[PDB]
Amino acid sequence: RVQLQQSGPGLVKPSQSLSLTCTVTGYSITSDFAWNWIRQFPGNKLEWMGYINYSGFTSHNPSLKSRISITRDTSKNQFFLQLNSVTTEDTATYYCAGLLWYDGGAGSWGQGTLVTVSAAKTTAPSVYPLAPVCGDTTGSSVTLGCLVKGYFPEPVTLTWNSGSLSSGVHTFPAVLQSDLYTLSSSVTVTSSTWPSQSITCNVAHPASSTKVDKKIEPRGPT
Amino acid sequence: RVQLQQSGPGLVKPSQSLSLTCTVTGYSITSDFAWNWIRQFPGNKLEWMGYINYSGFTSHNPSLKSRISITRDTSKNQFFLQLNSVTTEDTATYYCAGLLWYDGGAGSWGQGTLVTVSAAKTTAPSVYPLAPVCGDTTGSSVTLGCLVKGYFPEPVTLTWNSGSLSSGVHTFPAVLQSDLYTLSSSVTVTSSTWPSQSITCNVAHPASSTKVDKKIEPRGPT
Amino acid sequence: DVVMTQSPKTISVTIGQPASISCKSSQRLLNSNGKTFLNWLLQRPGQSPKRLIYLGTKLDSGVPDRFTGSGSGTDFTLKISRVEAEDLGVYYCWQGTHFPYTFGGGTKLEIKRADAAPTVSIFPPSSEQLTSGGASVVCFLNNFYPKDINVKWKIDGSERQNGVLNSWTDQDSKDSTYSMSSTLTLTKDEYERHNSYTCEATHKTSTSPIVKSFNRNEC
Amino acid sequence: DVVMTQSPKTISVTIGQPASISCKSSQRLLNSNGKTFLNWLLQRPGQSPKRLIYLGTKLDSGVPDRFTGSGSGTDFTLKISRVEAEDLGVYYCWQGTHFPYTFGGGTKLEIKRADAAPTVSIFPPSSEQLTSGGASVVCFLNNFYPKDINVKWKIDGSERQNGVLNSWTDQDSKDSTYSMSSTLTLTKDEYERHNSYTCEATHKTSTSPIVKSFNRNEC
Ligand SMILES: C[Si](C)(c1ccccc1)[C@H]1CC[N@@+](C)([O-])CC1
Ligand SMILES: C[Si](C)(c1ccccc1)[C@H]1CC[N@@+](C)([O-])CC1
């Protein structure tokens, strides 16, 4: 099947140009589809920006008049978006999506890439480990945590044991404070597996090329 | 005739993507030419990056393998350059140029746009006026000056009286000091026209959206 | 432009039950070629919108037959024969008959399931954060239903509201429960000036609040 | 890749005189269609490269006939019947026969004209720069020929070399002269500790150096 994948900056400064790329696999872009760029704003409102179909024909929403350009590179099977003079209003989640030109079916969207328009400077995050106490290390199960504080811009991808520990995990949406994001995450396992088996918090923050691990070690005696 | 004009960022940070645009006027891009992107390095060495011809066909130098993409927007009669994972080595002057596909004649280049790959932060310039003394305000002619110190990145466009005073002008190449550029400019007029007629130094620095004027007023008594 | 009005805004449904949502367009969507470019999409929590219905009434590629689109003219309806846990998320309608193409406001489907009390856990600041001059007391309330829940912080018996930050996860697409994290941030000094730190949760699953706490110096 | 070797590296010529430059390719440039994709370009100071010769020996669009390209195989020559002031700049050859297309190293043509002494001017720091904690004494030496020139700074008679920065303009494409600016930067304090500031220029147009100076407190 067809699969799309977006890539681009996560942060762009006011008045600059936004440049995004969408790599397509499993189908030639010069056949059948309409390759669209759609964005989703904070309140979850969706807006169609435009497309370029299999024959290279383009069409874009008038709400973006003279600021948008959609091109393609048939050699690398990718299409692009160029948005000039961005302002904080352009902050949203950008998606690429292909729908069949003829009837609009077999539509496939990429994962989306967050784009922030701000003057604020990129700040790496701090990762603090959250170990329980001794009253919960004696019972049914155990909950461990990971605190990621003060970073910018979004997002950060967080995993436990580099991704092998997926179940019993909860990563909460980040909250903006002091122009810095804070996000927490908890993982739950059997009260008899930890600390026998190390549990590590892996935090990644693209905007600043940061990647730090944080092992969850027991408080007090170790 | 055909005329090209480049536009794009003046500063880009390491590992990011460079995105340039070339607007073409006086001829359709879907006819006859080969639309090229060429760059010139500090020592004035030229390198061919690639092209996209009238039929949309592309070709790029292997020295940029998998980092370059050249597309076009026939609707706005523009073509573009996308250069991924730039490093300080990518710092150069980027030009767009059209040559006839068939024989290589009628070639036309844009003015070029300086591109700097650095971590250094954008800094607006300081503009100090340079008035003579009283020993040269009594003689043949008179030379006035304008000092532009400590800015980044290049360039700054400097004019006298918003561009009406063009003759007898010398704007010297900037010199990099403390990761900050310094540039001076002198203008010469009849020893009897100044200060009867105000002379102003107009300094513009895109990277920081700065535009400041500096009138040249006589030292001491005024 | 052609405006797409969706209703209801939100909607709660028991698992194994049918559902039905509306999308009304301010302009006819059938074009001169007999086609009606109208699509229905489902955006599960954390995912991107995915296909369901195309051509106004046609089951899209690989979509469970449980979904059925219908209607014509300006009134379109999406139906689900029998809701499943993974059907939760926001449904959107999208018209491609009139340029510029526009989406509806979306309709959020909440899954209805049996009540579930929260598993609460509390965490003192980390040694590392402390040495940095900060202090955060984190409390987790996981896998509960319904979404409504009230958490209260108490420092040595007194309620504390300032400096508290909360964050909820969307309904889980597997068990249909909700989770939440409450965080109390204080200056290192104010933190070390007190001893008791409590996290109080009130939820319809118990008339008496769920309490979790700790005192500095112990574990 | 096909390497293009240009010679000489630089070159000086009197106005009204002929010139001739070379470009040698490491590989034949004639292709299977009888064409030789070889172009000659001139990049005047501050401008972008501009067309001259195409197809190895063909006068390009709107180019003065004074320019003539010739040669075949791997040896190509550019000739100028009689140099004019605006012919100064760097000449480049560019081959489009072998992918990837490459340029030569360029050849710089300097114009020969009558000697011309420099018009020197000196400038004390500005009130504004002073209040900022800085001090720059700027000196200009405009429209001189030849390029060779030596400027010396003296603070109260003693030579000063540290903190001096110079910048030269390329040969002027109209009068063929050169200009230069010399700047002495000092701390506000060191500047206010001295009285005499002199700018000394030595140039073949006078055996005695051109001197310009000023003393704080006057004008
Ligand atoms: C933009 Si869309 C892929 C499309 C949009 C919404 C619903 C179904 C199809 C299609 C493209 C071809 N037409 C002729 O432009 C009609 C709209
Ligand atoms: C890249 Si160019 C416009 C060209 C380059 C240098 C000199 C003359 C022509 C030309 C394009 C068509 N071919 C067949 O690729 C040969 C080179």
# chains A, B, ... in the order shown; residues from 1 in each chain; ligands from 1
>>> residues_around(residues="range 201-209 of chain B", least_positions_apart="5", cutoff="8 Å", atoms="only C-alpha atoms", output="VMD selection string")
chain B and resid 9 to 11 122 to 125 127 129 146 148 152 to 162 214 to 216
>>> residues_around(residues="residue 180 in chain D", least_positions_apart="2", cutoff="8 Å", atoms="only C-alpha atoms", output="ChimeraX atom specification")
/B:172 /D:140-142,166-169,178,182
>>> write_last_selection(atoms="C-alpha atoms", output="PDB file, in the first residue's frame")
ATOM      1  CA  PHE B 172      34.469  48.759   1.277  1.00  0.00           C
TER       2      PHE B 172
ATOM      3  CA  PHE D 140      40.317  56.644   3.589  1.00  0.00           C
ATOM      4  CA  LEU D 141      42.686  56.448   0.612  1.00  0.00           C
ATOM      5  CA  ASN D 142      40.555  56.722  -2.535  1.00  0.00           C
ATOM      6  CA  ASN D 166      42.271  47.347   6.381  1.00  0.00           C
ATOM      7  CA  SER D 167      39.945  46.729   3.447  1.00  0.00           C
ATOM      8  CA  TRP D 168      40.466  47.301  -0.272  1.00  0.00           C
ATOM      9  CA  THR D 169      37.908  47.644  -3.059  1.00  0.00           C
ATOM     10  CA  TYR D 178      41.669  51.321  -6.345  1.00  0.00           C
ATOM     11  CA  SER D 182      42.315  51.752   7.204  1.00  0.00           C
TER      12      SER D 182
END
>>> residues_around(residues="residue 162 in chain D", least_positions_apart="2", cutoff="10 Å", atoms="only C-alpha atoms", output="list in words")
residues 153, 159, 160, 164, 165, 184, 185 and 186 of chain D
>>> write_last_selection(atoms="N, CA and C atoms", output="mmCIF file, in the first residue's frame")
data_model
loop_
_atom_site.group_PDB
_atom_site.id
_atom_site.type_symbol
_atom_site.label_atom_id
_atom_site.label_comp_id
_atom_site.auth_asym_id
_atom_site.auth_seq_id
_atom_site.Cartn_x
_atom_site.Cartn_y
_atom_site.Cartn_z
ATOM 1 N N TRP D 153 50.030 53.924 10.917
ATOM 2 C CA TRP D 153 49.370 54.715 11.964
ATOM 3 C C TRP D 153 50.338 55.157 13.046
ATOM 4 N N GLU D 159 54.523 54.602 16.205
ATOM 5 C CA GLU D 159 53.802 53.743 15.272
ATOM 6 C C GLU D 159 52.924 52.736 16.003
ATOM 7 N N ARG D 160 51.711 52.543 15.496
ATOM 8 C CA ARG D 160 50.774 51.606 16.093
ATOM 9 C C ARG D 160 50.302 50.629 15.035
ATOM 10 N N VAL D 164 44.618 47.472 14.117
ATOM 11 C CA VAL D 164 44.403 48.105 12.824
ATOM 12 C C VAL D 164 43.783 47.101 11.849
ATOM 13 N N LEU D 165 42.774 47.544 11.110
ATOM 14 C CA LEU D 165 42.091 46.696 10.140
ATOM 15 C C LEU D 165 41.937 47.433 8.806
ATOM 16 N N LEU D 184 41.691 52.171 12.789
ATOM 17 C CA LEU D 184 42.381 51.946 14.052
ATOM 18 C C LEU D 184 41.342 51.928 15.165
ATOM 19 N N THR D 185 41.215 50.789 15.836
ATOM 20 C CA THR D 185 40.256 50.651 16.920
ATOM 21 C C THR D 185 41.000 50.574 18.256
ATOM 22 N N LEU D 186 40.550 51.374 19.220
ATOM 23 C CA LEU D 186 41.150 51.428 20.555
ATOM 24 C C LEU D 186 40.049 51.488 21.612
#
>>> atom_distance(atom1="CA of residue 211 in chain B", atom2="CA of residue 165 in chain B")
17.9 Å
>>> closest_atom_pairs(of="chain C", to="ligand 1", cutoff="8 Å", atoms="only C-alpha atoms and all ligand atoms", output="tab-separated table")
residue	atom	partner	partner_atom_place_in_ligand_line	distance
C:37	CA	ligand 1	8 (C)	4.5
C:38	CA	ligand 1	7 (C)	4.8
C:39	CA	ligand 1	7 (C)	4.9
C:54	CA	ligand 1	8 (C)	6.4
C:55	CA	ligand 1	8 (C)	6.8
C:94	CA	ligand 1	6 (C)	5.1
C:95	CA	ligand 1	6 (C)	4.5
C:96	CA	ligand 1	6 (C)	3.5
C:97	CA	ligand 1	16 (C)	5.6
C:98	CA	ligand 1	16 (C)	7.7
C:99	CA	ligand 1	15 (O)	7.7
C:101	CA	ligand 1	5 (C)	6.3
C:102	CA	ligand 1	6 (C)	7.8
>>> atom_distance(atom1="CA of residue 218 in chain C", atom2="CA of residue 202 in chain C")
26.8 Å
>>> closest_atom_pairs(of="chain A", to="chain B", cutoff="12 Å", atoms="only C-alpha atoms", output="Markdown table")
| residue | atom | partner | partner_atom | distance |
| --- | --- | --- | --- | --- |
| A:7 | CA | B:17 | CA | 10.7 |
| A:8 | CA | B:17 | CA | 8.4 |
| A:9 | CA | B:16 | CA | 7.9 |
| A:10 | CA | B:16 | CA | 10.9 |
| A:11 | CA | B:16 | CA | 11.2 |
| A:12 | CA | B:12 | CA | 11.3 |
| A:13 | CA | B:9 | CA | 11.5 |
| A:14 | CA | B:209 | CA | 11.4 |
| A:15 | CA | B:209 | CA | 10.0 |
| A:16 | CA | B:9 | CA | 8.0 |
| A:17 | CA | B:8 | CA | 8.4 |
| A:18 | CA | B:19 | CA | 9.2 |
| A:19 | CA | B:19 | CA | 7.2 |
| A:20 | CA | B:17 | CA | 9.8 |
| A:21 | CA | B:82 | CA | 9.8 |
| A:52 | CA | B:73 | CA | 10.4 |
| A:55 | CA | B:56 | CA | 11.5 |
| A:56 | CA | B:73 | CA | 9.4 |
| A:57 | CA | B:74 | CA | 9.3 |
| A:58 | CA | B:75 | CA | 8.1 |
| A:59 | CA | B:75 | CA | 9.6 |
| A:60 | CA | B:75 | CA | 11.1 |
| A:65 | CA | B:76 | CA | 11.7 |
| A:66 | CA | B:76 | CA | 8.9 |
| A:67 | CA | B:76 | CA | 10.9 |
| A:68 | CA | B:76 | CA | 10.2 |
| A:69 | CA | B:73 | CA | 6.9 |
| A:70 | CA | B:73 | CA | 7.1 |
| A:71 | CA | B:73 | CA | 6.1 |
| A:72 | CA | B:71 | CA | 6.1 |
| A:73 | CA | B:71 | CA | 6.0 |
| A:74 | CA | B:71 | CA | 9.1 |
| A:75 | CA | B:58 | CA | 8.1 |
| A:76 | CA | B:69 | CA | 8.2 |
| A:77 | CA | B:69 | CA | 10.7 |
| A:78 | CA | B:69 | CA | 9.4 |
| A:79 | CA | B:71 | CA | 9.1 |
| A:80 | CA | B:71 | CA | 9.0 |
| A:81 | CA | B:73 | CA | 11.0 |
| A:82 | CA | B:19 | CA | 9.0 |
| A:83 | CA | B:19 | CA | 11.2 |
| A:84 | CA | B:8 | CA | 10.3 |
| A:85 | CA | B:8 | CA | 11.7 |
| A:121 | CA | B:121 | CA | 11.0 |
| A:206 | CA | B:15 | CA | 11.4 |
| A:207 | CA | B:16 | CA | 10.3 |
| A:208 | CA | B:15 | CA | 11.0 |
| A:209 | CA | B:15 | CA | 9.9 |
>>> write_last_selection(atoms="N, CA and C atoms", output="compact mmCIF listing (two decimals), in the first residue's frame")
# COMPACT_ATOMS: atom_id res chain seq x y z
N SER A 7 8.40 15.53 6.93
CA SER A 7 9.62 15.92 7.60
C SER A 7 9.76 17.42 7.40
N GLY A 8 10.38 18.10 8.35
CA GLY A 8 10.54 19.53 8.22
C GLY A 8 10.96 20.13 9.54
N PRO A 9 11.08 21.46 9.62
CA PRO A 9 11.49 22.09 10.87
C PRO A 9 10.35 21.96 11.87
N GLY A 10 10.69 22.04 13.15
CA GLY A 10 9.68 21.97 14.18
C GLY A 10 9.41 23.39 14.65
N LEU A 11 10.39 24.26 14.43
CA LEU A 11 10.31 25.66 14.81
C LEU A 11 10.78 26.56 13.67
N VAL A 12 10.02 27.62 13.45
CA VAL A 12 10.32 28.59 12.41
C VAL A 12 10.02 29.94 13.01
N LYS A 13 10.83 30.94 12.67
CA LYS A 13 10.61 32.28 13.20
C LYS A 13 9.69 33.13 12.32
N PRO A 14 8.93 34.04 12.95
CA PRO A 14 8.00 34.92 12.24
C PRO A 14 8.63 35.60 11.04
N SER A 15 7.83 35.71 9.98
CA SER A 15 8.19 36.32 8.70
C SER A 15 9.05 35.45 7.79
N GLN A 16 9.50 34.30 8.30
CA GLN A 16 10.32 33.40 7.49
C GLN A 16 9.44 32.45 6.66
N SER A 17 10.09 31.62 5.84
CA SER A 17 9.40 30.66 5.00
C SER A 17 9.41 29.28 5.65
N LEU A 18 8.29 28.58 5.58
CA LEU A 18 8.16 27.24 6.13
C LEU A 18 8.41 26.31 4.94
N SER A 19 9.24 25.29 5.13
CA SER A 19 9.53 24.36 4.05
C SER A 19 9.34 22.91 4.54
N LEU A 20 8.37 22.19 3.99
CA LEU A 20 8.12 20.81 4.40
C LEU A 20 8.28 19.82 3.25
N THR A 21 8.61 18.59 3.60
CA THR A 21 8.79 17.55 2.60
C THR A 21 7.94 16.35 2.95
N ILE A 52 -1.12 18.66 -5.58
CA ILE A 52 -0.43 18.57 -6.85
C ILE A 52 -0.76 17.12 -7.20
N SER A 55 -0.27 14.32 -12.62
CA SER A 55 0.26 14.98 -13.82
C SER A 55 0.95 16.30 -13.53
N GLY A 56 1.11 16.63 -12.26
CA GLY A 56 1.79 17.87 -11.89
C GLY A 56 0.92 19.11 -11.77
N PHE A 57 -0.38 18.92 -11.96
CA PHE A 57 -1.30 20.03 -11.86
C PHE A 57 -1.47 20.47 -10.39
N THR A 58 -1.55 21.77 -10.15
CA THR A 58 -1.69 22.26 -8.78
C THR A 58 -2.95 23.08 -8.53
N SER A 59 -3.30 23.19 -7.25
CA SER A 59 -4.47 23.93 -6.81
C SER A 59 -4.31 24.23 -5.32
N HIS A 60 -4.51 25.48 -4.93
CA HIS A 60 -4.39 25.82 -3.52
C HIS A 60 -5.49 26.74 -3.02
N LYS A 65 -3.43 32.74 -0.34
CA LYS A 65 -3.01 33.46 -1.54
C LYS A 65 -1.59 34.00 -1.58
N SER A 66 -0.91 33.70 -2.68
CA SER A 66 0.45 34.15 -2.93
C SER A 66 1.50 33.85 -1.83
N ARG A 67 1.20 32.91 -0.94
CA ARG A 67 2.15 32.54 0.11
C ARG A 67 2.50 31.07 0.00
N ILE A 68 1.70 30.34 -0.77
CA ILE A 68 1.90 28.91 -0.90
C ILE A 68 2.37 28.48 -2.27
N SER A 69 3.18 27.43 -2.29
CA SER A 69 3.70 26.85 -3.52
C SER A 69 3.85 25.35 -3.26
N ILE A 70 3.31 24.51 -4.14
CA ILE A 70 3.41 23.07 -3.95
C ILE A 70 4.08 22.46 -5.16
N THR A 71 5.25 21.88 -4.94
CA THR A 71 6.02 21.28 -6.01
C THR A 71 6.36 19.83 -5.71
N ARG A 72 6.98 19.16 -6.67
CA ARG A 72 7.34 17.77 -6.50
C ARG A 72 8.67 17.44 -7.12
N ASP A 73 9.25 16.33 -6.68
CA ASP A 73 10.51 15.83 -7.20
C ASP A 73 10.25 14.35 -7.57
N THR A 74 9.82 14.12 -8.81
CA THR A 74 9.52 12.77 -9.26
C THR A 74 10.67 11.79 -9.14
N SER A 75 11.90 12.31 -9.11
CA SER A 75 13.09 11.46 -8.98
C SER A 75 13.20 10.79 -7.61
N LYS A 76 12.85 11.53 -6.56
CA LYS A 76 12.91 10.99 -5.20
C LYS A 76 11.52 10.67 -4.71
N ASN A 77 10.55 10.72 -5.62
CA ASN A 77 9.15 10.46 -5.31
C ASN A 77 8.66 11.25 -4.09
N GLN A 78 8.97 12.54 -4.06
CA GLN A 78 8.55 13.42 -2.96
C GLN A 78 7.85 14.70 -3.46
N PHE A 79 6.95 15.25 -2.65
CA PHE A 79 6.36 16.53 -3.03
C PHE A 79 6.60 17.48 -1.86
N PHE A 80 6.42 18.78 -2.09
CA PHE A 80 6.73 19.73 -1.03
C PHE A 80 5.75 20.86 -0.81
N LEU A 81 5.97 21.59 0.27
CA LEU A 81 5.15 22.73 0.62
C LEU A 81 6.10 23.87 0.91
N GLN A 82 5.76 25.06 0.42
CA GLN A 82 6.53 26.27 0.66
C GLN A 82 5.50 27.29 1.12
N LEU A 83 5.66 27.79 2.34
CA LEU A 83 4.73 28.77 2.87
C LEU A 83 5.53 29.98 3.31
N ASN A 84 5.36 31.09 2.60
CA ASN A 84 6.09 32.32 2.91
C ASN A 84 5.40 33.21 3.94
N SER A 85 6.21 34.08 4.56
CA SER A 85 5.74 35.04 5.55
C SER A 85 4.82 34.41 6.58
N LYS A 121 13.63 30.81 21.96
CA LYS A 121 14.78 30.01 21.55
C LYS A 121 14.69 28.55 21.96
N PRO A 206 14.34 16.49 19.25
CA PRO A 206 14.92 16.89 17.96
C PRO A 206 15.41 18.34 17.88
N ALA A 207 14.50 19.29 18.03
CA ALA A 207 14.84 20.71 17.94
C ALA A 207 16.23 21.07 18.46
N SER A 208 16.69 20.36 19.49
CA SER A 208 18.00 20.63 20.07
C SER A 208 18.97 19.47 19.95
N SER A 209 18.61 18.45 19.18
CA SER A 209 19.46 17.28 18.99
C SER A 209 19.85 16.64 20.32
>>> interface_residues(of="chain A", to="chain C", cutoff="9 Å", atoms="only C-alpha atoms", output="PyMOL selection string")
chain A and resi 44-50+59-62+95+103-112+126-136+142-145+147+170-175+183-186+219-220
>>> residues_around(residues="residue 26 in chain D", least_positions_apart="6", cutoff="8 Å", atoms="only C-alpha atoms", output="NGL selection string")
:D and (2-4 or 74)
>>> closest_residue(among="D:199, D:93, D:63, D:210", to="ligand 2", atoms="only C-alpha atoms and all ligand atoms")
D:93
>>> atom_distance(atom1="CA of residue 32 in chain C", atom2="CA of residue 31 in chain A")
24.3 Å
>>> closest_residue(among="B:100, B:119, B:29, B:92", to="ligand 2", atoms="only C-alpha atoms and all ligand atoms")
B:100
>>> select_by_dssp(residues="range 17-206 of chain D", states="strand (DSSP E)", output="count of residues only")
96
>>> residues_around(residues="residue 109 in chain D", least_positions_apart="5", cutoff="12 Å", atoms="only C-alpha atoms", output="PyMOL selection string")
chain D and resi 7-15+18-21+42-45+79-80+83-92+170-171+173+176
>>> decode(residues="range 4-75 of chain D", atoms="C-alpha atoms", output="CSV table (one decimal), in the first residue's frame")
chain,number,residue,atom,x,y,z
D,4,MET,CA,39.1,22.8,-16.4
D,5,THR,CA,42.5,24.4,-15.9
D,6,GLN,CA,42.7,28.1,-16.5
D,7,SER,CA,45.8,30.3,-17.1
D,8,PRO,CA,47.3,32.7,-16.3
D,9,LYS,CA,45.8,33.0,-12.8
D,10,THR,CA,45.9,36.8,-13.0
D,11,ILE,CA,46.8,39.2,-15.8
D,12,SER,CA,47.5,42.9,-16.3
D,13,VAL,CA,46.7,44.8,-19.5
D,14,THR,CA,46.9,48.3,-20.7
D,15,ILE,CA,43.7,49.8,-22.1
D,16,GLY,CA,43.4,49.6,-25.9
D,17,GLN,CA,45.6,46.5,-25.9
D,18,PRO,CA,44.7,42.9,-26.8
D,19,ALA,CA,44.6,40.1,-24.2
D,20,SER,CA,44.4,36.3,-24.5
D,21,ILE,CA,43.6,33.6,-21.9
D,22,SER,CA,43.6,29.8,-21.8
D,23,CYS,CA,41.3,27.1,-20.6
D,24,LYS,CA,42.4,23.4,-20.9
D,25,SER,CA,40.2,20.4,-20.3
D,26,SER,CA,41.3,17.0,-19.1
D,27,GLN,CA,38.9,15.5,-21.6
D,28,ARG,CA,37.7,16.2,-25.1
D,29,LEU,CA,34.7,18.5,-25.2
D,30,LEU,CA,33.3,17.7,-28.6
D,31,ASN,CA,30.3,15.3,-28.3
D,32,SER,CA,28.7,12.9,-30.7
D,33,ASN,CA,26.4,15.6,-32.2
D,34,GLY,CA,29.3,17.7,-33.5
D,35,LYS,CA,28.7,20.3,-30.8
D,36,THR,CA,31.2,21.6,-28.2
D,37,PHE,CA,29.4,22.8,-25.1
D,38,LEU,CA,32.0,25.2,-23.8
D,39,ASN,CA,31.2,28.7,-22.6
D,40,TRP,CA,33.3,31.7,-21.5
D,41,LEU,CA,32.0,34.1,-18.8
D,42,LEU,CA,33.1,37.5,-17.3
D,43,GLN,CA,32.2,38.3,-13.7
D,44,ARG,CA,32.8,42.0,-13.2
D,45,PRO,CA,33.4,43.2,-9.6
D,46,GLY,CA,30.2,42.9,-7.6
D,47,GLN,CA,28.2,41.4,-10.5
D,48,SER,CA,27.2,37.9,-11.4
D,49,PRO,CA,28.9,36.0,-14.2
D,50,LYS,CA,27.7,37.1,-17.6
D,51,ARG,CA,27.8,35.5,-21.0
D,52,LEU,CA,30.5,36.0,-23.7
D,53,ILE,CA,31.1,32.8,-25.8
D,54,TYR,CA,29.0,29.7,-26.3
D,55,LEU,CA,29.5,26.5,-28.3
D,56,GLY,CA,33.2,27.0,-27.8
D,57,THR,CA,33.7,29.6,-30.6
D,58,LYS,CA,30.4,31.4,-31.0
D,59,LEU,CA,29.8,35.1,-30.0
D,60,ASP,CA,27.0,35.0,-27.5
D,61,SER,CA,23.8,37.1,-27.5
D,62,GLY,CA,24.4,40.9,-27.5
D,63,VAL,CA,28.2,40.5,-26.7
D,64,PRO,CA,30.7,43.0,-28.2
D,65,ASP,CA,32.6,41.5,-31.1
D,66,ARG,CA,35.8,42.4,-29.3
D,67,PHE,CA,35.5,39.0,-27.7
D,68,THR,CA,36.5,35.9,-29.7
D,69,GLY,CA,36.7,32.3,-28.6
D,70,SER,CA,38.6,29.6,-30.4
D,71,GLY,CA,40.2,26.2,-30.1
D,72,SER,CA,38.9,22.7,-30.1
D,73,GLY,CA,39.6,19.3,-28.5
D,74,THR,CA,40.9,20.3,-25.1
D,75,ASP,CA,42.5,23.7,-25.7
